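Trainee: so I've got this experimental structure, pasted below with the sequence.
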Amino acid sequence: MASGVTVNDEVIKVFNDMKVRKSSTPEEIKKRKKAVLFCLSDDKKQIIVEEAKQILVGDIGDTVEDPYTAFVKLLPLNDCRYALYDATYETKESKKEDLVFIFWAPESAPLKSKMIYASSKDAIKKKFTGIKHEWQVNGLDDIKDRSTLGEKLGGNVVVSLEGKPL
């Protein structure tokens, strides 16, 4: 009984979009994908993005109170999923931005959920050619720590992340 999962083309559009996301006018920035969570398609054979669980740069402040809390709301404690986000931080030398591949895997999720994604983990990562970061968070307590993020991207050089001092 062989099995395996792949990464849906949607994951690419997000990678190509999140890898080439440029800031020109706030009007376009509203469409600029800053954060997005990936889930299994209706076929449960590949990794596709869920429109219901994504965070744009314009959504924060229009219909969303916070980009983090928005993600914290989508994150299922009884289900594992992936999420790509762009971490904007500023160090004591200069301000820079980057993107990281996050893996949401709670301890309440079923082994079949962790295994299904585990099979696509490479496929989804393969599509993330150039991703120099990888975040493994099981629960919200693993990522709720603003420092836990600001450190993984920059570490002890980040004076502040997302507008919050580190």
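Mentor: On my side now, so go ahead. Residues are numbered from 1 along each chain as shown.
Trainee: need the longest helix for this protein.
Mentor: helix 111-126 (DSSP state H).
Trainee: end-to-end on stretch 76-85?
Mentor: 17 Å (C-alpha to C-alpha, to the nearest Å).
Trainee: scratch that, stretch 150-161
Mentor: 6 Å.
Trainee: pull out the buried residues from that stretch.
Mentor: 150, 151, 152, 153, 154, 158, 160, 161 (16 or more other C-beta atoms under 10 Å). In this view, the C-beta of every residue, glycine as well, is placed from N, C-alpha and C.
Trainee: same check, this time on stretch 53-70
Mentor: Buried residues in stretch 53-70, counted by 16+ other C-beta under 10 Å: 53, 54, 55, 56, 57, 58, 59, 60, 64, 67, 68, 70.
Trainee: how about stretch 13-32?
Mentor: So, applying 16+ other C-beta under 10 Å, buried residues of stretch 13-32: 14, 15, 18, 21, 32.
Trainee: ok, so of those, who is nearest residue 45?
Mentor: Distance to residue 45 across those (C-beta to C-beta) is lowest for residue 14, with 18.5 Å.
Trainee: my read: the closest one touches residue 36, true?
Mentor: Yes: with contact defined as C-beta atoms under 8 Å, residue 14 reaches residue 36; the gap is 5.3 Å.
Trainee: hmm, back to that, looking at the buried residues of stretch 13-32, which are in helices?
Mentor: Short answer: the buried residues of stretch 13-32 in helices (DSSP H) are 14, 15, 18.
Trainee: for residue 97, give the beta-bridge partners.
Mentor: residue 88 (DSSP bridges).
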